[PDB]
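What's in structure_19.cif: mmCIF, N, CA and C atoms
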data_upload
#
loop_
_atom_site.label_atom_id
_atom_site.label_comp_id
_atom_site.auth_asym_id
_atom_site.auth_seq_id
_atom_site.Cartn_x
_atom_site.Cartn_y
_atom_site.Cartn_z
N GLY A 128 10.18 -72.74 -22.80
CA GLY A 128 11.41 -73.27 -22.21
C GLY A 128 11.10 -74.00 -20.94
N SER A 129 11.84 -75.04 -20.64
CA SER A 129 11.57 -75.82 -19.47
C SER A 129 12.46 -75.40 -18.31
N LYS A 130 11.88 -74.70 -17.36
CA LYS A 130 12.60 -74.33 -16.17
C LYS A 130 11.97 -74.92 -14.95
N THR A 131 12.35 -76.14 -14.70
CA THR A 131 11.86 -76.89 -13.60
C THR A 131 12.85 -76.79 -12.45
N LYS A 132 12.35 -76.80 -11.26
CA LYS A 132 13.20 -76.75 -10.11
C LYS A 132 13.29 -78.16 -9.57
N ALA A 133 14.20 -78.91 -10.12
CA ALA A 133 14.34 -80.30 -9.77
C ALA A 133 15.62 -80.53 -9.00
N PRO A 134 15.52 -80.93 -7.73
CA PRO A 134 16.68 -81.24 -6.92
C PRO A 134 17.36 -82.51 -7.42
N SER A 135 18.67 -82.49 -7.53
CA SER A 135 19.38 -83.65 -7.95
C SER A 135 19.51 -84.66 -6.81
N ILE A 136 18.51 -85.49 -6.70
CA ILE A 136 18.42 -86.46 -5.65
C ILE A 136 19.20 -87.72 -6.00
N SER A 137 20.25 -87.95 -5.27
CA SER A 137 21.02 -89.14 -5.42
C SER A 137 20.46 -90.14 -4.41
N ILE A 138 19.95 -91.25 -4.87
CA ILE A 138 19.33 -92.17 -3.96
C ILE A 138 20.33 -93.27 -3.54
N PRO A 139 20.44 -93.51 -2.25
CA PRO A 139 21.25 -94.57 -1.72
C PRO A 139 20.42 -95.84 -1.56
N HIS A 140 21.05 -96.91 -1.18
CA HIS A 140 20.31 -98.13 -0.95
C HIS A 140 19.74 -98.11 0.44
N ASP A 141 18.58 -97.53 0.54
CA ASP A 141 17.89 -97.36 1.78
C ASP A 141 16.62 -98.19 1.70
N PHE A 142 16.28 -98.85 2.78
CA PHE A 142 15.17 -99.79 2.76
C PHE A 142 13.94 -99.29 3.51
N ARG A 143 13.88 -98.01 3.77
CA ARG A 143 12.70 -97.44 4.38
C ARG A 143 12.20 -96.30 3.52
N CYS A 144 10.97 -96.34 3.12
CA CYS A 144 10.47 -95.31 2.25
C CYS A 144 9.21 -94.69 2.79
N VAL A 145 9.07 -93.41 2.57
CA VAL A 145 7.88 -92.65 2.86
C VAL A 145 7.70 -91.64 1.76
N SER A 146 6.51 -91.49 1.26
CA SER A 146 6.29 -90.47 0.29
C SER A 146 6.11 -89.16 1.01
N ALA A 147 7.02 -88.29 0.76
CA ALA A 147 7.13 -87.04 1.45
C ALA A 147 6.95 -85.92 0.49
N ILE A 148 6.58 -84.78 1.02
CA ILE A 148 6.37 -83.62 0.21
C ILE A 148 7.67 -82.87 0.19
N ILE A 149 8.32 -82.94 -0.92
CA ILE A 149 9.60 -82.32 -1.07
C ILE A 149 9.46 -81.00 -1.77
N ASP A 150 10.43 -80.12 -1.53
CA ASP A 150 10.48 -78.76 -2.08
C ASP A 150 9.41 -77.89 -1.48
N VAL A 151 8.74 -78.40 -0.45
CA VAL A 151 7.60 -77.73 0.22
C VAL A 151 7.98 -76.35 0.76
N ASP A 152 9.23 -76.19 1.12
CA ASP A 152 9.73 -74.93 1.67
C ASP A 152 9.98 -73.91 0.56
N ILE A 153 10.01 -74.39 -0.67
CA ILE A 153 10.30 -73.55 -1.80
C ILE A 153 9.06 -73.37 -2.69
N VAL A 154 8.50 -74.49 -3.13
CA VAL A 154 7.39 -74.50 -4.02
C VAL A 154 6.13 -73.91 -3.33
N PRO A 155 5.32 -73.16 -4.07
CA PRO A 155 4.07 -72.61 -3.56
C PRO A 155 3.03 -73.69 -3.37
N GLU A 156 2.07 -73.41 -2.49
CA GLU A 156 0.94 -74.30 -2.15
C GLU A 156 0.11 -74.70 -3.38
N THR A 157 0.36 -74.02 -4.48
CA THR A 157 -0.29 -74.26 -5.73
C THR A 157 0.20 -75.57 -6.36
N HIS A 158 1.35 -76.05 -5.91
CA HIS A 158 1.89 -77.32 -6.37
C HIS A 158 2.14 -78.25 -5.20
N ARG A 159 1.98 -79.53 -5.44
CA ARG A 159 2.21 -80.53 -4.44
C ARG A 159 3.18 -81.56 -5.00
N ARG A 160 4.19 -81.89 -4.25
CA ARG A 160 5.16 -82.87 -4.68
C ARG A 160 5.28 -84.02 -3.72
N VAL A 161 5.08 -85.21 -4.22
CA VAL A 161 5.31 -86.41 -3.44
C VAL A 161 6.39 -87.21 -4.11
N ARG A 162 7.29 -87.72 -3.34
CA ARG A 162 8.35 -88.52 -3.90
C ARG A 162 8.02 -89.99 -3.71
N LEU A 163 8.03 -90.71 -4.80
CA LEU A 163 7.68 -92.10 -4.81
C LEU A 163 8.98 -92.90 -4.65
N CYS A 164 8.95 -93.91 -3.80
CA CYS A 164 10.12 -94.71 -3.51
C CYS A 164 9.78 -96.18 -3.78
N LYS A 165 10.76 -96.95 -4.18
CA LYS A 165 10.55 -98.36 -4.47
C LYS A 165 10.52 -99.20 -3.23
N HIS A 166 9.69 -100.18 -3.27
CA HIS A 166 9.57 -101.15 -2.21
C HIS A 166 9.79 -102.49 -2.80
N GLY A 167 10.96 -103.05 -2.57
CA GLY A 167 11.28 -104.36 -3.10
C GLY A 167 11.46 -104.34 -4.61
N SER A 168 10.40 -104.60 -5.31
CA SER A 168 10.42 -104.65 -6.75
C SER A 168 9.63 -103.49 -7.31
N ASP A 169 9.74 -103.26 -8.59
CA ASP A 169 9.06 -102.16 -9.22
C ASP A 169 7.63 -102.47 -9.54
N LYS A 170 6.81 -102.25 -8.57
CA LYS A 170 5.37 -102.30 -8.77
C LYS A 170 4.90 -100.99 -9.40
N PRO A 171 3.83 -101.03 -10.22
CA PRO A 171 3.27 -99.83 -10.86
C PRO A 171 2.94 -98.72 -9.86
N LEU A 172 2.93 -97.49 -10.34
CA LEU A 172 2.65 -96.36 -9.49
C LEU A 172 1.19 -96.42 -9.06
N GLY A 173 0.88 -95.95 -7.86
CA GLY A 173 -0.48 -96.08 -7.35
C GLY A 173 -1.44 -95.00 -7.81
N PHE A 174 -1.20 -94.47 -8.97
CA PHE A 174 -2.07 -93.51 -9.58
C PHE A 174 -2.12 -93.75 -11.08
N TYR A 175 -3.24 -93.47 -11.67
CA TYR A 175 -3.41 -93.61 -13.11
C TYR A 175 -3.62 -92.24 -13.68
N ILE A 176 -3.31 -92.03 -14.93
CA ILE A 176 -3.48 -90.71 -15.52
C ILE A 176 -4.32 -90.74 -16.77
N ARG A 177 -4.95 -89.63 -17.03
CA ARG A 177 -5.79 -89.43 -18.18
C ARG A 177 -5.40 -88.10 -18.80
N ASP A 178 -6.03 -87.75 -19.88
CA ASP A 178 -5.71 -86.52 -20.55
C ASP A 178 -6.94 -85.64 -20.57
N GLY A 179 -6.72 -84.38 -20.81
CA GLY A 179 -7.78 -83.43 -20.89
C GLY A 179 -7.23 -82.05 -21.05
N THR A 180 -7.97 -81.08 -20.66
CA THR A 180 -7.52 -79.73 -20.77
C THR A 180 -7.65 -79.07 -19.40
N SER A 181 -6.58 -78.51 -18.91
CA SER A 181 -6.60 -77.89 -17.61
C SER A 181 -6.62 -76.37 -17.78
N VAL A 182 -7.17 -75.68 -16.80
CA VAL A 182 -7.24 -74.24 -16.83
C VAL A 182 -6.05 -73.68 -16.07
N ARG A 183 -5.27 -72.90 -16.76
CA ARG A 183 -4.09 -72.30 -16.23
C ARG A 183 -4.41 -70.81 -16.08
N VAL A 184 -4.25 -70.29 -14.89
CA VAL A 184 -4.56 -68.89 -14.65
C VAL A 184 -3.31 -68.05 -14.78
N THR A 185 -3.39 -67.01 -15.55
CA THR A 185 -2.30 -66.08 -15.72
C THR A 185 -2.81 -64.67 -15.52
N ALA A 186 -1.94 -63.69 -15.65
CA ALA A 186 -2.34 -62.30 -15.56
C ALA A 186 -3.08 -61.90 -16.83
N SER A 187 -2.93 -62.72 -17.85
CA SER A 187 -3.59 -62.50 -19.11
C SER A 187 -5.03 -62.99 -19.02
N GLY A 188 -5.27 -63.93 -18.11
CA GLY A 188 -6.60 -64.42 -17.89
C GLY A 188 -6.63 -65.91 -17.76
N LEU A 189 -7.67 -66.51 -18.28
CA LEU A 189 -7.84 -67.95 -18.21
C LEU A 189 -7.44 -68.58 -19.49
N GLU A 190 -6.45 -69.39 -19.43
CA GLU A 190 -5.96 -70.01 -20.59
C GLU A 190 -5.97 -71.52 -20.43
N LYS A 191 -6.21 -72.20 -21.50
CA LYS A 191 -6.38 -73.63 -21.47
C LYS A 191 -5.10 -74.32 -21.92
N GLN A 192 -4.79 -75.45 -21.32
CA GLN A 192 -3.58 -76.18 -21.67
C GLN A 192 -3.89 -77.67 -21.78
N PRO A 193 -3.14 -78.42 -22.61
CA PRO A 193 -3.27 -79.87 -22.65
C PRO A 193 -2.78 -80.42 -21.32
N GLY A 194 -3.67 -80.99 -20.56
CA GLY A 194 -3.33 -81.37 -19.23
C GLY A 194 -3.44 -82.83 -19.01
N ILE A 195 -2.63 -83.31 -18.13
CA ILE A 195 -2.63 -84.69 -17.77
C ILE A 195 -3.19 -84.77 -16.37
N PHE A 196 -4.30 -85.44 -16.21
CA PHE A 196 -4.98 -85.49 -14.93
C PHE A 196 -4.85 -86.86 -14.36
N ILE A 197 -4.93 -86.97 -13.08
CA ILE A 197 -4.97 -88.26 -12.48
C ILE A 197 -6.35 -88.85 -12.72
N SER A 198 -6.41 -90.07 -13.15
CA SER A 198 -7.67 -90.68 -13.42
C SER A 198 -8.24 -91.29 -12.14
N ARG A 199 -7.43 -92.07 -11.44
CA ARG A 199 -7.85 -92.74 -10.24
C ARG A 199 -6.63 -93.23 -9.48
N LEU A 200 -6.75 -93.38 -8.18
CA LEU A 200 -5.67 -93.88 -7.35
C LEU A 200 -5.95 -95.31 -6.96
N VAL A 201 -4.92 -96.10 -6.86
CA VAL A 201 -5.10 -97.47 -6.44
C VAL A 201 -5.43 -97.49 -4.94
N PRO A 202 -6.49 -98.20 -4.53
CA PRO A 202 -6.84 -98.34 -3.12
C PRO A 202 -5.69 -98.98 -2.35
N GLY A 203 -5.25 -98.32 -1.30
CA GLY A 203 -4.13 -98.83 -0.54
C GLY A 203 -2.82 -98.45 -1.19
N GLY A 204 -2.90 -97.52 -2.13
CA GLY A 204 -1.73 -97.07 -2.83
C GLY A 204 -1.08 -95.92 -2.13
N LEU A 205 0.18 -95.72 -2.44
CA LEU A 205 1.03 -94.72 -1.83
C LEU A 205 0.37 -93.31 -1.76
N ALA A 206 -0.22 -92.88 -2.87
CA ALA A 206 -0.84 -91.55 -2.94
C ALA A 206 -2.17 -91.52 -2.19
N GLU A 207 -2.86 -92.64 -2.21
CA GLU A 207 -4.16 -92.78 -1.60
C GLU A 207 -4.01 -92.86 -0.07
N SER A 208 -3.00 -93.59 0.37
CA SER A 208 -2.72 -93.78 1.77
C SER A 208 -2.25 -92.48 2.44
N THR A 209 -1.40 -91.73 1.76
CA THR A 209 -0.87 -90.49 2.32
C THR A 209 -1.94 -89.42 2.45
N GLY A 210 -2.88 -89.41 1.51
CA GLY A 210 -3.89 -88.38 1.50
C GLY A 210 -3.28 -87.05 1.16
N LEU A 211 -2.15 -87.11 0.47
CA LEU A 211 -1.41 -85.93 0.06
C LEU A 211 -1.66 -85.67 -1.40
N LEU A 212 -2.42 -86.54 -2.00
CA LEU A 212 -2.69 -86.47 -3.40
C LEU A 212 -4.14 -86.94 -3.61
N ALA A 213 -4.84 -86.34 -4.55
CA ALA A 213 -6.20 -86.71 -4.84
C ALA A 213 -6.35 -87.10 -6.30
N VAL A 214 -7.45 -87.75 -6.62
CA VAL A 214 -7.72 -88.21 -7.98
C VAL A 214 -7.91 -87.06 -8.98
N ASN A 215 -8.44 -85.95 -8.54
CA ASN A 215 -8.74 -84.83 -9.45
C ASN A 215 -7.52 -84.07 -9.89
N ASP A 216 -6.47 -84.14 -9.10
CA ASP A 216 -5.28 -83.32 -9.32
C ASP A 216 -4.63 -83.64 -10.64
N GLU A 217 -4.27 -82.62 -11.36
CA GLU A 217 -3.54 -82.80 -12.56
C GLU A 217 -2.05 -82.67 -12.33
N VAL A 218 -1.30 -83.54 -12.97
CA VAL A 218 0.13 -83.57 -12.83
C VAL A 218 0.77 -82.43 -13.61
N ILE A 219 1.71 -81.77 -13.01
CA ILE A 219 2.43 -80.69 -13.64
C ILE A 219 3.82 -81.17 -14.09
N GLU A 220 4.51 -81.85 -13.19
CA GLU A 220 5.88 -82.31 -13.45
C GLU A 220 6.09 -83.68 -12.91
N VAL A 221 6.94 -84.40 -13.56
CA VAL A 221 7.33 -85.72 -13.14
C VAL A 221 8.87 -85.83 -13.17
N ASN A 222 9.48 -85.83 -11.98
CA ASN A 222 10.98 -85.87 -11.76
C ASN A 222 11.64 -84.53 -12.09
N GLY A 223 11.04 -83.83 -13.00
CA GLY A 223 11.56 -82.60 -13.51
C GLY A 223 11.14 -82.45 -14.94
N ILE A 224 10.58 -83.51 -15.47
CA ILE A 224 10.05 -83.52 -16.79
C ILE A 224 8.68 -82.90 -16.72
N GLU A 225 8.46 -81.88 -17.48
CA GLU A 225 7.17 -81.27 -17.49
C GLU A 225 6.28 -82.07 -18.36
N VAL A 226 5.06 -82.24 -17.95
CA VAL A 226 4.11 -83.04 -18.70
C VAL A 226 3.50 -82.25 -19.85
N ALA A 227 3.96 -81.03 -20.04
CA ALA A 227 3.45 -80.23 -21.12
C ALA A 227 4.07 -80.72 -22.41
N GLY A 228 3.23 -81.13 -23.33
CA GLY A 228 3.71 -81.62 -24.59
C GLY A 228 3.97 -83.11 -24.59
N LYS A 229 3.85 -83.74 -23.44
CA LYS A 229 4.11 -85.17 -23.31
C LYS A 229 2.79 -85.92 -23.47
N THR A 230 2.85 -87.13 -23.98
CA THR A 230 1.68 -87.98 -24.03
C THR A 230 1.63 -88.81 -22.77
N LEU A 231 0.52 -89.48 -22.55
CA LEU A 231 0.38 -90.35 -21.40
C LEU A 231 1.33 -91.50 -21.50
N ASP A 232 1.58 -91.93 -22.72
CA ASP A 232 2.54 -92.97 -23.02
C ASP A 232 3.90 -92.53 -22.53
N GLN A 233 4.29 -91.33 -22.92
CA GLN A 233 5.56 -90.77 -22.53
C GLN A 233 5.64 -90.50 -21.04
N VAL A 234 4.58 -89.92 -20.46
CA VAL A 234 4.60 -89.58 -19.05
C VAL A 234 4.64 -90.84 -18.18
N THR A 235 3.76 -91.81 -18.45
CA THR A 235 3.78 -93.07 -17.69
C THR A 235 5.15 -93.74 -17.79
N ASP A 236 5.64 -93.87 -19.02
CA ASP A 236 6.95 -94.46 -19.32
C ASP A 236 8.06 -93.74 -18.56
N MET A 237 7.94 -92.42 -18.48
CA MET A 237 8.93 -91.59 -17.84
C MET A 237 8.90 -91.85 -16.33
N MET A 238 7.70 -91.90 -15.78
CA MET A 238 7.51 -92.13 -14.36
C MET A 238 7.96 -93.51 -13.93
N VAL A 239 7.66 -94.51 -14.72
CA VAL A 239 8.08 -95.87 -14.41
C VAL A 239 9.63 -95.99 -14.56
N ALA A 240 10.20 -95.11 -15.39
CA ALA A 240 11.65 -95.07 -15.64
C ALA A 240 12.39 -94.61 -14.40
N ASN A 241 11.85 -93.60 -13.76
CA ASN A 241 12.45 -93.01 -12.56
C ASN A 241 11.76 -93.53 -11.32
N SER A 242 11.28 -94.74 -11.41
CA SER A 242 10.54 -95.38 -10.35
C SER A 242 11.30 -95.44 -9.00
N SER A 243 12.63 -95.46 -9.05
CA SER A 243 13.43 -95.54 -7.85
C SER A 243 13.35 -94.23 -7.06
N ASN A 244 13.41 -93.13 -7.76
CA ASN A 244 13.31 -91.82 -7.16
C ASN A 244 12.55 -90.91 -8.08
N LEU A 245 11.29 -90.78 -7.82
CA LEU A 245 10.45 -90.03 -8.68
C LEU A 245 9.72 -88.96 -7.92
N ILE A 246 9.81 -87.78 -8.43
CA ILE A 246 9.13 -86.64 -7.88
C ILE A 246 7.84 -86.45 -8.66
N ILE A 247 6.72 -86.54 -8.01
CA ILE A 247 5.48 -86.30 -8.69
C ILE A 247 4.96 -84.96 -8.27
N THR A 248 4.83 -84.09 -9.22
CA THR A 248 4.37 -82.77 -8.98
C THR A 248 3.01 -82.60 -9.58
N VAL A 249 2.05 -82.34 -8.77
CA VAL A 249 0.73 -82.08 -9.24
C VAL A 249 0.34 -80.74 -8.74
N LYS A 250 -0.71 -80.23 -9.22
CA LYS A 250 -1.25 -79.06 -8.65
C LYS A 250 -2.60 -79.43 -8.11
N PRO A 251 -2.90 -79.13 -6.84
CA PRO A 251 -4.16 -79.50 -6.27
C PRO A 251 -5.29 -78.83 -6.99
N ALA A 252 -6.27 -79.60 -7.31
CA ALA A 252 -7.42 -79.11 -7.98
C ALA A 252 -8.47 -78.74 -6.97
N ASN A 253 -8.22 -79.10 -5.70
CA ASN A 253 -9.19 -78.89 -4.61
C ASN A 253 -10.50 -79.57 -4.95
N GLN A 254 -10.36 -80.74 -5.57
CA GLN A 254 -11.45 -81.59 -6.01
C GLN A 254 -12.23 -80.91 -7.14
N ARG A 255 -11.55 -80.79 -8.29
CA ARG A 255 -12.06 -80.16 -9.53
C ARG A 255 -12.20 -78.67 -9.30
#

Take the structure I supplied and represent it as structure tokens, if you would.
Amino acid sequence: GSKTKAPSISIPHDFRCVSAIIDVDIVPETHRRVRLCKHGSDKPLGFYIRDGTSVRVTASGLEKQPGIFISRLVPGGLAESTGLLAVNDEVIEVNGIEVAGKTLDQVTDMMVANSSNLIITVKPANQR
């Protein structure tokens, strides 16, 4: 079941953007959220994604999941500039859509869809 904690962010026509870590007061340090904001026109997100298998730790032990990892960040890109996000980090949620079961096609498409107000939730890999 999908139980995401996604704030219903209503975006106004505001012309100043900063990628900020939202839900930081609620979400554990195990997850990192940056909100992507549009600047002028819809330029592509400053991160690329790849697929693989991520290790999810539970009380049951080490379990493997189909994971979507960041492949690389665009130099001078929002995530790269903030230093709040790294290339190794795997994405957990996008806007509230969990990337579990989603393809890169679907996830990229989903992210570009909510390009105006997009919550990117990754979990820090602490560099793999």

Test item: residues at most 10 Å from residue 208 (chain A), only C-alpha atoms, excluding those fewer than 6 positions along its chain, as number ranges by chain: A: 146, 173, 200-202

When you look at residue 182 (chain A) with a cut-off of 7 Å (counting all atoms listed in the file), what residues show up, excluding the ones that are within fewer than 3 positions of it in the same chain? I need them as a compact mmCIF listing (two decimals) with N, CA and C atoms, in the frame of the given file.
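Okay, result20.txt is ready:
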# COMPACT_ATOMS: atom_id res chain seq x y z
N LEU A 189 -7.67 -66.51 -18.28
CA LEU A 189 -7.84 -67.95 -18.21
C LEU A 189 -7.44 -68.58 -19.49
N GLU A 190 -6.45 -69.39 -19.43
CA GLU A 190 -5.96 -70.01 -20.59
C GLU A 190 -5.97 -71.52 -20.43
N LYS A 191 -6.21 -72.20 -21.50
CA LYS A 191 -6.38 -73.63 -21.47
C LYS A 191 -5.10 -74.32 -21.92
N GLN A 192 -4.79 -75.45 -21.32
CA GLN A 192 -3.58 -76.18 -21.67
C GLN A 192 -3.89 -77.67 -21.78

Secondary structure check, alpha helix (DSSP H) residues of chain A, as a PyMOL selection string: chain A and resi 205-209+231-240

Between atom N of residue 177 (chain A) and atom C of residue 150 (chain A), distance in Å (one decimal):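 Between atom N of residue 177 (chain A) and atom C of residue 150 (chain A) the gap is 24.2 Å.
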
Nearby residues (only C-alpha atoms) at most 8 Å from region 234-246 of chain A, same-chain spacing under 3 positions excluded, as a PyMOL selection string: chain A and resi 136+138+160-165+169+171-172+176+220-223+226+229-231

Coordinates-based distance that separates atom N of residue 158 (chain A) from atom N of residue 251 (chain A) (Å, one decimal):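 These atoms are spaced 5.3 Å apart.
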
Polymer residues at most 8 Å from residue 131 (chain A), only C-alpha atoms, same-chain spacing of 2 or more positions, as a ChimeraX atom specification: /A:129,133,223-225

Point (-5.6, -78.2, -10.3) neighbourhood (6.5 Å, all atoms listed in the file) written as a ChimeraX atom specification: /A:215-217,250-253

Chain and number of each residue from the PyMOL selection byres (((chain A and resi 193 and name CA) around 8) and name CA), as a PyMOL selection string: chain A and resi 178-181+191-192+194-195+227-228

Atomic distance atom C of residue 168 (chain A) - CA of residue 142 (chain A), expressed in Å with one decimal: 12.1 Å

In region 129-252 of chain A, DSSP strand (DSSP E) residues written as a count of residues only: 43

Contacts of residue 214 (chain A) at 8 Å (all atoms listed in the file; same-chain gap of 3+ positions) as number ranges by chain: A: 174-175, 196-200, 206-207, 217, 252, 254-255
